[PDB]
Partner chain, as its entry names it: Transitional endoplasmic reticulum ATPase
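Okay, so here's just one chain, in structure tokens, the form solved without its partner chain.
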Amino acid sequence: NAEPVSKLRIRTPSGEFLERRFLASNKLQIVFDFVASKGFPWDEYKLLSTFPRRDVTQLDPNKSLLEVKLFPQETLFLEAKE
């Protein structure tokens, strides 16, 4: 019934917030591009999902959001690959 849209607040390394409205059919690559389209990236940034405390809700920039289900409201953190 209806698609699960994920609204996330992604904090940056400077104390910024990337508010993002996600269409459950969107793609992590879009999430990554949207935030790096805001004030980042440095070349290739990775977000950290706080709720599950994991590499950007399951990771996989080529995965869709339903596969990584960013819930309806989730907070992520901006981080640099390591």
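Residue numbers count along the first chain shown, from 1.
We do not show the form solved in complex with its partner chain, though everything after this point is about it.
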Report task. Using the partner position in the bound PDB entry, report whether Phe51 sits within 4.5 Å of its partner chain, counting heavy atoms only. Result -> yes
(request) Give a yes/no on whether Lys63 approaches its partner chain to within 4.5 Å in the bound PDB entry, heavy atoms considered. (result) no
* Proximity of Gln73 to its partner chain in the bound PDB entry, heavy atoms at 4.5 Å -> yes
